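Shown next, in structure tokens, is the structure this report addresses.
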Amino acid sequence: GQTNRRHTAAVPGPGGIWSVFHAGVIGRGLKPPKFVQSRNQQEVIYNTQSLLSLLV
Amino acid sequence: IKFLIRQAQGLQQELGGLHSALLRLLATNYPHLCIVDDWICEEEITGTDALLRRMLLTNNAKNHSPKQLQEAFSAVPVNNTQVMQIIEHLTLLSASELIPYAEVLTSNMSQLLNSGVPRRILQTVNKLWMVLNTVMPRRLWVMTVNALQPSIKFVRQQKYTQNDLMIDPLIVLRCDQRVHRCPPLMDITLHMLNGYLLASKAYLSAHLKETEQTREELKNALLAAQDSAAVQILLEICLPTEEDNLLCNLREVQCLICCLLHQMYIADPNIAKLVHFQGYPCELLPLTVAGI
Amino acid sequence: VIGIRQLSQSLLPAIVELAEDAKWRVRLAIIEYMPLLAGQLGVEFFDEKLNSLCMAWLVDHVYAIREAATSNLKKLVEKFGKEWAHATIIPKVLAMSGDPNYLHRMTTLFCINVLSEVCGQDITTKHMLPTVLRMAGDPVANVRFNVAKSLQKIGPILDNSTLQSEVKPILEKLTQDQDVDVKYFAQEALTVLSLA
Amino acid sequence: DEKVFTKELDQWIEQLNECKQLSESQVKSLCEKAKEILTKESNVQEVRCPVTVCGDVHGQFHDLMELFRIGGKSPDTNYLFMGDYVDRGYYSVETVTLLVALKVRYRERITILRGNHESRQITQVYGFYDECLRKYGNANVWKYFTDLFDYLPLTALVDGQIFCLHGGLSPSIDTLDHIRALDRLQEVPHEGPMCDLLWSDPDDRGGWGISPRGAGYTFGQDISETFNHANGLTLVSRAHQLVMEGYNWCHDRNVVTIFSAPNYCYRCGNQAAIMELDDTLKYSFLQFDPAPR
Ligand SMILES: [Mn+2]
Ligand SMILES: [Mn+2]
């Protein structure tokens, strides 16, 4: 086992006369992938069994 | 002031220095009204102008008050049989009788693109907005900005009178987002965007003179960044979808955006360099090169 | 010792700048002294500049100015009227509950809490109540407990019909999450309103 | 059992918020509860956005109340303190008592780390032991606080990208797995990975170097870049040095020193700042001044 249209439709700090509330971003934030290894439990130990049999 | 400019230019025999000084002041104080493509369609082409006006306005155009068109717009019979011919028969006016019709044309452009509407109605609305752009263009732009709202049941910013709109033209690019697939409304919004960009340039140039009672480089950088942001938004609008490529509203909208970008590059050759230094996705590379 | 009209007219050329500056103590004092001036300068002056001033104060960075503007808005809605702010202040406050920031959402929740006791019960049933009901699925753990406290506060204000129809099921749904603070707040709200 | 204890905690917090210290048995029970609570936390506390990270308080209850009035109330918004709230202050026991009360009451709404002053050899030479001996009469509250300070976590990981810690980087540490495999239940020594994690300082040195304090090293920009690139981090938050604006960026926006103690030692007269991080990892530096007494 193991871009700007949306930023424009909600801009101007809802006032159209001042700057933004925040002061910028640090990196990217809210990492998209966030994937966890959940392939399978069964039929995984049998591959290890076949590999050990080949090695034997 | 534009109606007065037109009615003063119409009198060239008398009013010698008055019209000259008025135009010399309009060309300096209001550069957003001296756009050539705004009031160039009123030139003669082949003499066919006013012919249909003199030959198709006697039996009609006499009992078509704005209230009738207004009540014909909003009704349970949303069929486009009567409103079509009504809005078509009044296209022969001299662009001076459409002032009471401008209020009825506005505030309904957002309701127009609801669902299942024909193509000729949008074309007639665009032609009416174009012939109404030659007179009182500022109020028309304000009304069209206030009419094209997201309509999300919540009021965030309303009526954009003259200050919150001329300071940042980008508001004309945060509309209902349904006009992106609408060539006539997209062209109207592009005209308004160009006009408001010029108006913002003039407003900043006038504001840097009424202060401190360096700043010029800051104003130049702000204007360059604003033009670059507008170009980037117009380029991102050209994206196909959110998930035929030749025969669709997307093609016409991309062509109109490329035309506006070509006009902007002809006006200022530095914003093109700034945008290319900023960059844009590659999916727009074969479109801008072959379109501009 | 000075007439209200005189002190309100003398502070006009200065409130256009002292209302928004670097420090916040001056802003706090201006917000605290405003309710003695907005009721004397009429209503046109309010919708002219004071509405924008309060809407800008409600989104300030610090929390003291935010709570001061909240209390000032409460005082203004108690002094002027109920149906007057139904179409001028309530929609603008409810439209702020759509930002990705949790601070503005907490501010709107505090405003709903402070206005639920002045605006009666008919408006807080179908205008301000659906917002608090829909802001329960917020993944931010610092907004769910605020929504639960807001429901607890508006409990005694609203009738038993609304508390039994939609408040009880949404409270039962909120009591079955993984966090402990929101769960304790919801259990306290259930045990104080005798709904469970 | 739980409701009465919660109400007692609220009463203790409301009493502490009025410049009123607790009794011996109350402080003992609070320290015990904090010991059973902080035992489950690891060395690198996984903090989730949005938060509002602060810096040093150095035992300033009035400045802490000013910070709470500026950066939102404690139960409402999250807080991340990076140590130094026990020494060099007239009201030092009240600050740490309020902090530990908020921690045991809002364990998922506030996080506190360990600083160089949270020890047994530093509190005896800076006045905290003297304050505990003068106020409570005996020297048992100080013993309880020093026994509890060993359970405080070392660092914090905000959104898997921001790495908050009191001191700074370490030459014997190359990844967060080494920090997670440290025994924090130990007095801060004069040398080692924990001493450097609690006594480091950034500079334009480049590489390493002995610090003028007496403990910990001094890293440069290349070391910060290597540490941020080898751990998937994008920023390193710290609070160990005195600044003027409140926040200071170093090493090409890689290290952020956040000193949230206004008027340090009542002689500098500087400002203070905190960093509020929103849900989308957007940072806002909220500054403030010492409140008038
Ligand atoms: Mn320190
Ligand atoms: Mn320190």
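Protein chains in written order, with the entry's author numbering: chain E, 707 to 708, 731 to 784; chain B, 689 to 901, 922 to 951, 984 to 1032; chain P, 394 to 589; chain Q, 2 to 294. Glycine included, C-beta positions come from ideal geometry on N, C-alpha and C.
For a Cβ distance threshold of 9 Å, nothing in chain Q lies close to E/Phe-763: the least Cβ distance comes to about 14 Å. Considering only Q/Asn-232, Q/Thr-156, Q/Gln-61, Q/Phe-220, the residue with the shortest C-alpha distance to Q/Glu-47 is Q/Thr-156. Judged by their CB atoms, P/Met-499 and P/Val-525 are not nearer to each other than the 8 Å cut-off.
For Q/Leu-158, the enclosing beta strand (DSSP E) covers residues 156 to 159. Q/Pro-194 and Q/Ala-216 have their alpha carbons spaced roughly 11 Å apart. With a cut-off of 7 Å, the C-beta of Q/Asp-64 is classified as distant from ligand 1, since no heavy atom of the ligand falls inside that distance. Relative to the non-hydrogen atoms of ligand 2, the Cβ of Q/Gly-116 comes within a distance shorter than 7 Å of at least one. Annotation for Q/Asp-131 indicates a beta carbon at 7 Å or more from all heavy atoms of ligand 2. In the three-state reduction of the DSSP assignment, Q/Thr-258 falls in the strand class. By alpha-carbon distance to P/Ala-431, the top candidate from P/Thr-517, P/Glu-460, P/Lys-467 is P/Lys-467. Set against 7 Å, the gap from the CB of Q/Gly-84 to the closest heavy atom of ligand 2 is smaller.
Comparing alpha-carbon positions, the option among Q/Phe-82, Q/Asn-271, Q/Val-142, Q/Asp-11 lying closest to Q/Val-28 turns out to be Q/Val-142. Around the beta-carbon of Q/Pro-293, fewer than 16 other beta-carbon atoms lie within 10 Å, marking it exposed.
Counting every other CB atom within 10 Å of its CB across the protein chains shown gives Q/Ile-259 a total of 16 or more, marking it as buried. The three-state reading of DSSP puts Q/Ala-274 in strand, counting E and B together. Listed along chain P, no residue sits closer than 8 Å to Q/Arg-121 by beta-carbon distance, the nearest being about 33 Å off.
B/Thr-877 and B/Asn-821 have their C-alpha atoms roughly 12 Å apart. Annotated three-state conformation of P/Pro-562 is helix, per DSSP.
The residue among B/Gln-940, B/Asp-864, B/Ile-855, B/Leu-828 with its C-alpha nearest the C-alpha of B/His-879 is B/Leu-828. The beta-bridge partner set that DSSP reports for B/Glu-759 is empty. When DSSP states are grouped into helix, strand and coil, P/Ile-482 belongs to the coil group. With its beta carbon less than 8 Å from one in chain E, Q/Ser-285 belongs to the interface. Membership of B/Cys-999 in the alpha helix (DSSP H) is indicated by the continuous run 989 to 1007.
Within the same chain, and ignoring the five residues on either side of B/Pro-806 in sequence, the residues whose Cβ sits closer than 8 Å to its Cβ are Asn-768, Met-772. E/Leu-758 belongs to the set of residues whose beta carbon lies under 8 Å from a beta carbon in chain Q.
Taking 8 Å as the threshold, the shortest C-beta distance from B/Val-724 to chain P does not fall below it. In the three-state DSSP reduction, Q/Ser-238 falls in the strand class (E or B). Under the three-pair Cβ rule at 8 Å, the region 261 to 275 of chain Q does not count as touching the region 202 to 212 of chain Q.
The continuous alpha helix (DSSP H) containing Q/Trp-13 extends over residues 3 to 17.
With distances taken between CA atoms, E/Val-753 lies nearest to Q/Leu-236 out of Q/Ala-240, Q/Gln-288, Q/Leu-236.
Around the beta-carbon of Q/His-59, 16 or more other beta-carbon atoms lie within 10 Å, marking it buried. Secondary structure of Q/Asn-249 (DSSP, three-state): strand. Around the beta carbon of Q/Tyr-80, 16 or more other beta carbons sit within 10 angstroms, so the residue counts as buried. Judged by beta-carbon spacing, Q/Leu-99 lies within the 8 Å limit of Q/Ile-14, meaning their Cβ atoms are closer than that value. With a minimum length of 4 residues, the unbroken runs of alpha helix (DSSP H) contained wholly in the region 718 to 802 of chain B fall at 739 to 743, 754 to 761, 770 to 777, 787 to 793, 797 to 800.
Legend: CB atoms of the region 153 to 186 of chain Q lying less than 8 Å from CB atoms of chain E belong to residues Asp-160, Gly-161, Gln-162, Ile-163.
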